[PDB]
Chemist: 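Would you mind keeping the following structure in view while I ask a few things?
Each chain gets a letter, A, B and so on, in the order its sequence line appears, and its residues count up from 1. Below, each value reflects all heavy atoms present in this structure, side chains not excepted, and no hydrogens, waters or symmetry copies.
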Amino acid sequence: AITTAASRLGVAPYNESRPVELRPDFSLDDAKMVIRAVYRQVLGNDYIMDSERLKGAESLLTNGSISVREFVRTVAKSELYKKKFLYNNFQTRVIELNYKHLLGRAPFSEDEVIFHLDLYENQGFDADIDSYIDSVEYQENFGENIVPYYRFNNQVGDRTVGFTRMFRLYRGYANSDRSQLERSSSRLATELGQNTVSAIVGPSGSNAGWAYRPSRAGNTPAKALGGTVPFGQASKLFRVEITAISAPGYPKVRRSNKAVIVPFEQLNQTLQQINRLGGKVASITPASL
Amino acid sequence: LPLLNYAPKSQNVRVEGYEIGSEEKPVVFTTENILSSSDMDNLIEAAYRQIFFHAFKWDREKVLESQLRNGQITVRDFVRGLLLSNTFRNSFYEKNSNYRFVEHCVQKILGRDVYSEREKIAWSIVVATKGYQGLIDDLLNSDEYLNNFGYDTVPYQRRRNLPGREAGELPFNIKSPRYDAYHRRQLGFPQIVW
Amino acid sequence: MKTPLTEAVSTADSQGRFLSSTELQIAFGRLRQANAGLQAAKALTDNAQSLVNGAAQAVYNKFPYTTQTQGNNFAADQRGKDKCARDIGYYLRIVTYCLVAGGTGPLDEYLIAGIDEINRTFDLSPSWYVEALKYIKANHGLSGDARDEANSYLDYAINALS
Amino acid sequence: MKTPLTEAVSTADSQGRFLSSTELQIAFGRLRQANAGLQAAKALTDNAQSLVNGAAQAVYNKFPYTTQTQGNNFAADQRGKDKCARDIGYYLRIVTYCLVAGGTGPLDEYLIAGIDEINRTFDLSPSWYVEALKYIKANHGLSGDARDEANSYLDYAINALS
Amino acid sequence: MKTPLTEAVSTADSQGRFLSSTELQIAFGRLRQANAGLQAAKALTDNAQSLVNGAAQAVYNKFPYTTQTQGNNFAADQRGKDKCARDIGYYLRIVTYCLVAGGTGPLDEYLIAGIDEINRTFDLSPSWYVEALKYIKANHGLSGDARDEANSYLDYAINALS
Amino acid sequence: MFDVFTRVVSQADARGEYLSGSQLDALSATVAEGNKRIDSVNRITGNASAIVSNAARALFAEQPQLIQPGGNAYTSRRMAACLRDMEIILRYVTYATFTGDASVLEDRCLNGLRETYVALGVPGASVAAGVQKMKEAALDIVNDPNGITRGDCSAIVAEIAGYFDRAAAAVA
Amino acid sequence: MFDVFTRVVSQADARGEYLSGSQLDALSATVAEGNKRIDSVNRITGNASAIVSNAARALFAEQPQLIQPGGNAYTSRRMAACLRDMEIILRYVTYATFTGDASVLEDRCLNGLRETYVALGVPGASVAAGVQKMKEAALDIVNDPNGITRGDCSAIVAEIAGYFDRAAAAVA
Amino acid sequence: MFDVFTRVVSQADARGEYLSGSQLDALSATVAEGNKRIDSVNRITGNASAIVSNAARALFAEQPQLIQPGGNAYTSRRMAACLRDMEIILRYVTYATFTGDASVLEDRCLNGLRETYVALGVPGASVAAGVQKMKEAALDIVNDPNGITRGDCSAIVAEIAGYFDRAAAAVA
Ligand SMILES: *[C@@H](C)[C@H]1/C(=C/c2[nH]c(/C=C3N=C(/C=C4\NC(=O)C(CC)=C4C)C(C)=C\3CCC(=O)O)c(CCC(=O)O)c2C)NC(=O)[C@@H]1C
Ligand SMILES: *[C@@H](C)[C@H]1/C(=C/c2[nH]c(/C=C3N=C(/C=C4\NC(=O)C(CC)=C4C)C(C)=C\3CCC(=O)O)c(CCC(=O)O)c2C)NC(=O)[C@@H]1C
Ligand SMILES: *[C@H](C)[C@H]1/C(=C/c2[nH]c(/C=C3N=C(/C=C4\NC(=O)C(CC)=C4C)C(C)=C\3CCC(=O)O)c(CCC(=O)O)c2C)NC(=O)[C@@H]1C
Ligand SMILES: *[C@H](C)[C@H]1/C(=C/c2[nH]c(/C=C3N=C(/C=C4\NC(=O)C(CC)=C4C)C(C)=C\3CCC(=O)O)c(CCC(=O)O)c2C)NC(=O)[C@@H]1C
Ligand SMILES: *[C@H](C)[C@H]1/C(=C/c2[nH]c(/C=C3N=C(/C=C4\NC(=O)C(CC)=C4C)C(C)=C\3CCC(=O)O)c(CCC(=O)O)c2C)NC(=O)[C@@H]1C
Ligand SMILES: *[C@H](C)[C@H]1/C(=C/c2[nH]c(/C=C3N=C(/C=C4\NC(=O)C(CC)=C4C)C(C)=C\3CCC(=O)O)c(CCC(=O)O)c2C)NC(=O)[C@@H]1C
Ligand SMILES: *[C@H](C)[C@H]1/C(=C/c2[nH]c(/C=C3N=C(/C=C4\NC(=O)C(CC)=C4C)C(C)=C\3CCC(=O)O)c(CCC(=O)O)c2C)NC(=O)[C@@H]1C
Ligand SMILES: *[C@H](C)[C@H]1/C(=C/c2[nH]c(/C=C3N=C(/C=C4\NC(=O)C(CC)=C4C)C(C)=C\3CCC(=O)O)c(CCC(=O)O)c2C)NC(=O)[C@@H]1C
Ligand SMILES: *[C@H](C)[C@H]1/C(=C/c2[nH]c(/C=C3N=C(/C=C4\NC(=O)C(CC)=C4C)C(C)=C\3CCC(=O)O)c(CCC(=O)O)c2C)NC(=O)[C@@H]1C
Ligand SMILES: *[C@H](C)[C@H]1/C(=C/c2[nH]c(/C=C3N=C(/C=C4\NC(=O)C(CC)=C4C)C(C)=C\3CCC(=O)O)c(CCC(=O)O)c2C)NC(=O)[C@@H]1C
Ligand SMILES: *[C@H](C)[C@H]1/C(=C/c2[nH]c(/C=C3N=C(/C=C4\NC(=O)C(CC)=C4C)C(C)=C\3CCC(=O)O)c(CCC(=O)O)c2C)NC(=O)[C@@H]1C
Ligand SMILES: *[C@H](C)[C@H]1/C(=C/c2[nH]c(/C=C3N=C(/C=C4\NC(=O)C(CC)=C4C)C(C)=C\3CCC(=O)O)c(CCC(=O)O)c2C)NC(=O)[C@@H]1C
Ligand SMILES: *[C@H](C)[C@H]1/C(=C/c2[nH]c(/C=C3N=C(/C=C4\NC(=O)C(CC)=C4C)C(C)=C\3CCC(=O)O)c(CCC(=O)O)c2C)NC(=O)[C@@H]1C
């Protein structure tokens with residue numbers, strides 16, 4: 001599980017929550033809890049205005065005319081969901097969001113993008129939505145009666161890349177999919193295409209370097225090809241991600257975000273220099289063997 | 001031991017210059033511009049010129065180049081690699097006294113001349129005590145290096161020319177050839193001709 | 001001094017390269033321009049007195065307090081009027097240099113570099129000189145390439161002052 | 001990739017300056033040249049087959065051993081002849097690029113950087129290609145600015161090989 | 001962490017509700033209990049070494065094969081005895097935490113979740129720890145609310161193991 | 001989420017230690033202050049609407065740029081969202097007061113909040129001001145001596161002040 | 001970086017082909033527009049200070065939160081940086097216009113700029129509004145019919161407008 | 001650095017004077033020579049390899065002590081450095097020719113070069129001899145009547161010869 005780093009990763013509140021199940025012969029308070037959970041999960045913790053509520057679908061859920069899964073399906077196909085997540089997004093962004101909302105995880109591979117992009121293009125948004133909800137994965141985790149929830153913890157069938165990518169899509173508890181630094185941009189287009197991963201940067205409030213994001217071009221690669229040779233005598237190399245660089249000012253400072261590969265023997269100097277740049281350490285990761 | 005103390009001396013670099021870009025402003029070769037392959041050539045050539053004055057094919061460091069091209073290292077790292085290279089050690093360290101080697105380092109790395117003999121004297125002991133790499137790292141980590149060139153810019157000789165003057169101070173690759181009288185005598189030059 | 005010919009050499013030298021077709025094209029662009037620049041220099045020089053006189057009056061009219069307020073920085077006495085006419089003459093003359101050189105070089109090296117410090121230190125308003133430069137712009141009566149290049153130098157100075 | 005337009009911006013950007021009349025003259029210099037370069041590129045392109053095959057023969061004639069000696073680096077078999085004609089084609093095509101770009105950029109980017117390593121690794125003589133480039137110089141039938149710009153790129157490669 | 005105060009908040013938060021009289025009643029329930037909890041923790045802490053050593057012997061008497069049989073999972077050597085005493089100390093220490101916290105939180109978080117995997121992987125019998133926990137129930141000497149709350153956690157752990 | 005009790009427990013477990021006598025005594029003293037804690041929570045809760053609405057009114061009076069057209073709190077949707085934010089921060093401050101530990105605030109209310117505001121363009125310094133206004137009102141409400149068993153609540157009031165300050169710092 | 005000519009050359013070398021007849025004639029048509037392109041670069045450059053300052057004045061008039069105390073453009077250092085940034089963006093737009101290719105703008109200006117602004121807390125949507133105002137002023141200046149040989153600059157104007165559009169989109 | 005135009009400007013500024021009519025006319029005559037100046041630069045550049053290598057060959061044939069063991073041009077690096085230096089001097093002469101002023105040649109190549117060679121033990125007199133041989137070849141290439149619009153390049157050729165002479169004087 002996630003224990004020590006749960007709070008700084010924004011996972012602790014989900015560790016403290018149980019799946020929201022609608023039992024047969026449910027009470028009205030049960031129905032209200034499901035409705036609240038579905039709105040929070042499926043709409044990415046956006047505030048929902050009374051004018052935006054799906055009152056008819058809520059009635060049918062309350063009446064047992066539709067199960068939880070069918071209520072999720074209705075919310076996912078609503079003009080409200082599409083306005084929030086479809087009409088203004090690159091389809092790869094849409095697929096990312098669908099996975100997060102409806103399956104509680106991030107896409108694992110480029111194959112998932114191929115499948116859902118073609119399905120949308122050939123059969124339309126509704127058909128694509130059904131594929132998530134009628135999937136084996138949805139059935140195994142949530143079935144007919146449980147609201148979808150974030151699957152942070154390792155499960156059978158997982159891949160490691162899923163874990164790192166969840167923190168590209170989930171940015172903390174007091175946050176929504178439409179209020180994140182990358183805004184409308186696909187978070188995973190490049191990761192999926194290259195099958196690469198990124199160092200995990202936890203949410204703001206609990207991580208000073210929370211804003212670190214790489215640029216389109218001119219990034220430092222993850223691993224130290226060439227080893228310590230360019231640095232001279234050095235025992236081991238680390239990749240440091242740095243954000244919020246301002247102090248020297250333009251043109252001495254061009255990009256406020258920077259990743260550097262530095263040797264063990266210069267980490268003291270590196271931290272000192274970073275502090276004087278005003279920057280905040282986003283992540284440190286071994287870069288050599 | 002702490003570095004021997006010495007005083008500065010009046011120098012162009014020590015005062016505000018009110019600089020406006022002209023043909024005498026050193027060209028800024030930085031990787032922050034997302035340089036194309038040919039443009040990266042020029043940056044690499046500039047670094048070789050700044051540190052070696054000229055890199056014959058024998059002198060060149062193709063692997064360091066690839067790593068700089070790939071973003072594995074910064075320009076300052078590339079400059080360190082050149083300073084640690086066989087060419088630099090053989091040309092500027094082994095053929096000079098420690099005192100003149102320090103001068104070369106200050107000129108090439110910091111882009112200024114030394115203040116005095118005392119500055120050269122104070123730093124001459126660093127190679128022996130901290131090792132060759134210790135000297136380079138001290139200079140490259142210095143506030144003076146970082147404030148002027150940072151991590152992504154090729155160093156250059158600073159404030160050599162003043163506006164409206166026909167000539168500036170001597171370029172360091174003219175002022176400071178890789179060796180001087182001491183090694184010249186060992187080679188048995190000058191050669192009598194005619 | 002920044003000009004097409006000195007920048008061309010500066011570029012090639014910074015690359016350790018002989019001049020090539022690129023720099024030779026720069027020299028052709030210089031040659032296409034030079035005669036118009038020399039004609040503009042001539043025209044401004046011949047009319048220098050009335051341009052300088054008229055420009056100063058444009059400033060005194062736009063900013064009457066300068067001719068009525070006592071103080072070293074103002075032109076309420078002959079001393080101040082002379083300094084002001086001198087200063088305006090400097091701008092005009094150096095602008096003719098830019099037309100001869102074909103670049104902002106002369107303006108950069110003789111006038112612009114450090115002009116903020118002077119204006120702050122001596123409490124001179126940059127807006128005074130902008131008005132003068134606008135006057136010269138509107139009264140040099142150049143046309144064509146001479147106009148376009150001359151105006152580029154006047155606007156360059158105006159931009160530096162604001 | 002060195003061209004007048006990119007060099008002008010590269011210089012201005014290094015200086016943190018807007019483009020001035022100096023850079024505008026650079027552009028005028030490019031515009032003076034562009035059509036001649038484009039016409040030169042067209043003429044070389046349309047005559048490319050003749051020039052390449054003529055150049056290859058000129059090399060074979062000046063260096064007979066290349067068509068007589070066995071070895072991966074020589075043109076004694078159709079394989080080696082095809083490689084040689086291919087290479088000469090590369091030189092010709094990239095020179096047309098320089099004419100289009102108005103600078104040695106394409107030659108620097110695509111051919112010159114690394115050519116020494118190739119020629120040494122595969123035991124090719126730079127003298128062979130110099131002969132090929134002389135033949136193209138002597139037979140492209142250009143005139144005026146088209147000839148001068150084309151010959152300067154051809155000579156640029158020759159000097160890079162020498 | 002199951003404790004009255006955190007669960008009150010967690011439940012209220014999932015409902016998006018301010019705390020109401022229901023949660024305040026939970027706080028009063030916690031306050032009614034806390035002092036006896038803290039006193040029970042103190043008594044167990046002060047007696048910890050006697051309880052742990054006594055519990056281990058109770059285990060060794062009841063399952064004598066554990067002190068005679070060779071094997072990494074048995075206490076036939078000082079290594080295994082030290083592991084055993086350490087383990088019982090964990091149970092006792094984490095039980096004192098539950099008394100401080102007012103809920104099974106510390107036992108769930110630190111010990112119970114995953115214990116079945118550990119005992120299976122390392123071939124440790126849950127029956128051993130049940131006997132240690134029973135000794136501690138019999139010998140902690142608590143009374144009243146301190147005894148009842150303490151025994152609930154000791155029985156919670158026993159039920160988890162069986 | 002920790003409460004006051006499990007905060008100490010987590011620190012002890014990480015060290016492998018029993019709580020010491022002084023730590024148990026400190027918790028005993030915390031228990032003795034329990035009724036004042038509950039009262040303070042009840043008072044802030046019972047006045048939640050007035051605290052939120054009065055703070056909002058004061059903020060917009062002092063910062064009219066927020067509500068004029070184009071302002072971040074202009075339009076009913078943004079204004080409603082703004083008022084929800086205020087109510088939510090206040091709610092979590094009562095959670096923190098109830099539990100006696102800031103963790104609920106840190107882990108949930110303030111987790112990712114700055115990213116949210118930067119992404120959206122919400123002026124975080126303005127939120128901090130609103131939170132400060134709610135704090136002043138809330139502290140006065142907790143301190144009010146009418147209709148309650150008289151006693152010294154300065155300690156709980158200082159603790160509550162801290163939670164408000166944490167929230168304000170997180171967005172400013 | 002690419003210019004209009006070397007962009008086409010790059011795509012041709014990738015395929016091992018001489019430029020086609022139509023490609024050469026397209027570049028000739030580009031050359032025929034060269035003077036209009038130079039004039040547009042010159043007019044924007046000549047009016048750079050006014051373009052920036054008027055745009056900034058309009059921006060802060062429409063978005064006064066920026067310059068209220070606590071606003072991102074409050075304090076001299078932040079206002080100075082803001083004015084500098086607008087000038088930087090305008091400068092690179094003129095570079096792109098001069099070369100007839102967006103590479104210089106995209107590579108040297110917009111790369112990582114969105115990321116820089118979020119990391120510093122600079123409101124990018126407000127940066128984009130500033131770019132828009134500069135765009136409007138810049139095109140009017142370029143389209144000004146006074147004092148210049150008369151002709152149709154519609155194509156150059158569209159290209160310039162496009163570069164401003166890139167800038168506005170990139171900063172947020 | 002100065003070029004032919006800015007040399008006159010520098011003198012005029014030092015006097016606080018506009019350029020006289022004769023100075024303007026003189027520069028106009030310089031402009032009318034511009035094509036020849038460009039052609040001369042292009043011709044030297046295009047034959048730079050041969051100029052250097054032919055001159056170096058003749059130099060080592062006339063002064064065989066340079067290349068005999070123990071000589072200053074013996075060993076591959078010293079020979080390579082010598083060839084390099086000749087190309088450097090030729091390169092800066094073309095710069096001077098291109099600009100029409102000797103300042104770049106002096107500031108960036110010649111000023112101080114005598115001391116450079118004395119420090120290294122390079123026979124400066126022999127460098128001058130090599131410079132003279134490049135001059136002879138270079139002037140012949142500039143004056144070649146074949147394949148160029150016929151005209152009189154005596155003035156530019158004399159200027160170029162002067163820059164070589166300046167270089168030959170400076171090294172020894
Ligand atoms: C849209 C941009 C506006 C427009 C432009 C326009 N310009 C020309 C022609 C020329 N403009 C110049 C420019 C300069 N000459 C100089 O010396 C300098 C200073 C360094 C500059 C900037 C030149 C040389 C020409 C060519 C000669 C001429 O004066 O005509 C045209 C005509 C078409 C063309 O040149 O191909 C046009 C259309 N015209 C408008 O109406 C727009 C507002
Ligand atoms: C500072 C917060 C103010 C303050 C508080 C205060 N309260 C008490 C005592 C009690 N308060 C309660 C509260 C409730 N009883 C209920 O049934 C409920 C509703 C669910 C609540 C909220 C209780 C039970 C007590 C104990 C009995 C009593 O009536 O006193 C005190 C006295 C000391 C103590 O902690 O017991 C104090 C100080 N008093 C002030 O003057 C502040 C303005
Ligand atoms: C044991 C030798 C070391 C050790 C391990 C350890 N791991 C975790 C937590 C996780 N481990 C994983 C790993 C994977 N997930 C996958 O999908 C795959 C392949 C399918 C792998 C390899 C993950 C994702 C987690 C977190 C999620 C989860 O556990 O469900 C922990 C717990 C972390 C925590 O409690 O915070 C531990 C202890 N720890 C050591 O000290 C040993 C050296
Ligand atoms: C065809 C002219 C050229 C070409 C195309 C090509 N594209 C892909 C793959 C993808 N294309 C997209 C595009 C979109 N996703 C969206 O959301 C939208 C907007 C609604 C678009 C336009 C995506 C995301 C992919 C990846 C998933 C997929 O493979 O379908 C490929 C396949 C690449 C691969 O390696 O599999 C190809 C071939 N390729 C060419 O060579 C043509 C010039
Ligand atoms: C003005 C319309 C808006 C605004 C601007 C603003 N920017 C900064 C700080 C920086 N801006 C940059 C920008 C660039 N770096 C580059 O390399 C380029 C492209 C070539 C650009 C455009 C950088 C690097 C910084 C940081 C370094 C510096 O401050 O000089 C600030 C100050 C941030 C601070 O926290 O102090 C501001 C205010 N702010 C607004 O509110 C306007 C919408
Ligand atoms: C003013 C009363 C007189 C005057 C001054 C003048 N000085 C310079 C140039 C320089 N002055 C210095 C001085 C210093 N360098 C140091 O390190 C220190 C201590 C910190 C000092 C005081 C330097 C190094 C220079 C050259 C660099 C530069 O100018 O930026 C000039 C300019 C000379 C030129 O040709 O540009 C002038 C004009 N001149 C007078 O006429 C007054 C009597
Ligand atoms: C040759 C069999 C194949 C081939 C090679 C190729 N590689 C690159 C680019 C790079 N190669 C490296 C590799 C290294 N750099 C190091 O420092 C070390 C460790 C000591 C290694 C192994 C790197 C880092 C690069 C990128 C930077 C660089 O350009 O040097 C290229 C060039 C690609 C490009 O221009 O972008 C090529 C062509 N290509 C083939 O097709 C062959 C199968
Ligand atoms: C002087 C040593 C020799 C000489 C030169 C000479 N040249 C011209 C005229 C021209 N030369 C050029 C040159 C070029 N055109 C291009 O496009 C390029 C490539 C970038 C170059 C180098 C040009 C443009 C002209 C003008 C037009 C023309 O074709 O004539 C002259 C004639 C006078 C003039 O100034 O134009 C002369 C004399 N002639 C000799 O006989 C010397 C050996
Ligand atoms: C007029 C019919 C009666 C009236 C009006 C009144 N309104 C307020 C305060 C607010 N009015 C609004 C409404 C809007 N804000 C928006 O952005 C939009 C959508 C574009 C609307 C419709 C809001 C949000 C407020 C509160 C915040 C603010 O003051 O701007 C007041 C003052 C309320 C207060 O407590 O300050 C009043 C007086 N009152 C009457 O008696 C009239 C009959
Ligand atoms: C009011 C004082 C200021 C203000 C607020 C404002 N906030 C938003 C949007 C959001 N606020 C939150 C915050 C939370 N959501 C949670 O679930 C939690 C508790 C864990 C918190 C603290 C979120 C996530 C959002 C985005 C979601 C959404 O639906 O908006 C807005 C809306 C912005 C917009 O609509 O563009 C506003 C206006 N704005 C001001 O000007 C005041 C200073
Ligand atoms: C008063 C003495 C004279 C005067 C004032 C005046 N000022 C402005 C505009 C600005 N003033 C400032 C100053 C500051 N901003 C800061 O953040 C701080 C530091 C904390 C200072 C000192 C700024 C930045 C501006 C421009 C941006 C803005 O509008 O806030 C104006 C208007 C200028 C305009 O063009 O809008 C005026 C009128 N004018 C007089 O005539 C007085 C004698
Ligand atoms: C013999 C295998 C073939 C051959 C040789 C040849 N060499 C030259 C000229 C030079 N040879 C050298 C070589 C060196 N000089 C050194 O100092 C050292 C290192 C100690 C070496 C290896 C040099 C530098 C020259 C040029 C200067 C000089 O003449 O000494 C020539 C004449 C070239 C010319 O243009 O004069 C020749 C003929 N040529 C053949 O055809 C043989 C198969
Ligand atoms: C060749 C005709 C003669 C010759 C030359 C020779 N020179 C050197 C070494 C150097 N030459 C320079 C020159 C310059 N540095 C500059 O900055 C400039 C202006 C840009 C110039 C012209 C320098 C600095 C050196 C030393 C550094 C280096 O060689 O890289 C040598 C070699 C001496 C040595 O071993 O360093 C030689 C042989 N020698 C002859 O005998 C010919 C007469």
Chemist: Would you mind checking which part of D:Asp13 comes under 4.5 Å of any heavy atom in chain B, side chain (CB onward), backbone (N, CA, C, O), both or neither?
Modeler: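 D:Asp13 touches chain B through side-chain heavy atoms alone.
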Chemist: Does atom NZ (D:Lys42) have a neighbourhood of more than 12 heavy atoms from anything else shown, all under 6.0 Å?
Modeler: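 It does not: D:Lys42 NZ has 12 such atoms or fewer within range.
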Chemist: Just wondering, are more than 12 heavy atoms of other shown residues or ligands nearer than 6.0 Å to NZ in D:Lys83?
Modeler: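 No, not enclosed.
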Chemist: So do D:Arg120 and B:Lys57 actually touch side chain to side chain, heavy atoms under 4.5 Å?
Modeler: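 Yes, their side chains come closer than 4.5 Å.
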Chemist: Sort B:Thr30 into side chain, backbone, both or neither according to what part of it lies under 4.5 angstrom from a heavy atom of chain D.
Modeler: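 Looking at B:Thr30, nothing touches chain D.
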Chemist: So with a 6.0 Å cut-off around OH of D:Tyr65, is the heavy-atom count from everything else above 12?
Modeler: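 Buried by this count: over 12 neighbours within 6.0 Å.
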Chemist: Does a sphere of radius 6.0 Å around CZ in B:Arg165 hold more than 12 heavy atoms from other residues, nucleotides or ligands, not counting ones at 6.0 Å or beyond?
Modeler: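 12 or below, so no.
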Chemist: So which atom in B:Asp41 and which in D:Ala113 form the shortest heavy-atom distance, rounded to 0.1 Å?
Modeler: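 Smallest interatomic distance, heavy atoms only, reads OD2-CB, 3.8 Å.
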Chemist: Check step by step if side-chain contact (heavy atoms from CB on, under 4.5 Å) holds for B:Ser37 and D:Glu109.
Modeler: CA-CA 7 Å; B:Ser37 288; D:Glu109 182 102 355; 3.8 Å; yes
Chemist: If you count the non-hydrogen atoms of other residues, nucleotides and ligands that lie under 6.0 Å from CG in B:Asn5, is the total more than 12?
Modeler: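 Counting neighbours around CG of B:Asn5, 12 or fewer heavy atoms of other residues, nucleotides or ligands fall under 6.0 Å, so no.
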Chemist: Can you tell me if B:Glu16 has over 12 outside heavy atoms packed within less than 6.0 Å of its CD?
Modeler: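 Correct, the count exceeds 12.
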Chemist: Answer with side chain, backbone, both or neither: which region of B:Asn33 has an atom nearer than 4.5 Å to a non-hydrogen atom of chain D?
Modeler: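 Just the side chain, heavy atoms under 4.5 Å.
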Chemist: Take D:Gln15 and B:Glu19 through the test side-chain contact (heavy atoms from CB on, under 4.5 Å) and record every step on the way to the result.
Modeler: CA-CA 10 Å; D:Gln15 298 169 357; B:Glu19 174 178 295; over 6 Å; no
Chemist: If only atom types and distance count, is the side chain of D:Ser14 paired as donor or acceptor with the main-chain N or O of B:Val28 below 3.5 Å?
Modeler: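 Looks like yes, one N/O pair under 3.5 Å.
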Chemist: Among B:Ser22, B:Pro26, B:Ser36, which residue forms the greatest number of heavy-atom pairs with chain D at distances under 4.5 Å?
Modeler: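 It is B:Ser22.
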Chemist: Evaluate whether atom CZ of B:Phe56 has more than 12 neighbouring non-hydrogen atoms of other residues, nucleotides or ligands under 6.0 angstrom away.
Modeler: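 Buried by this count: over 12 neighbours within 6.0 Å.
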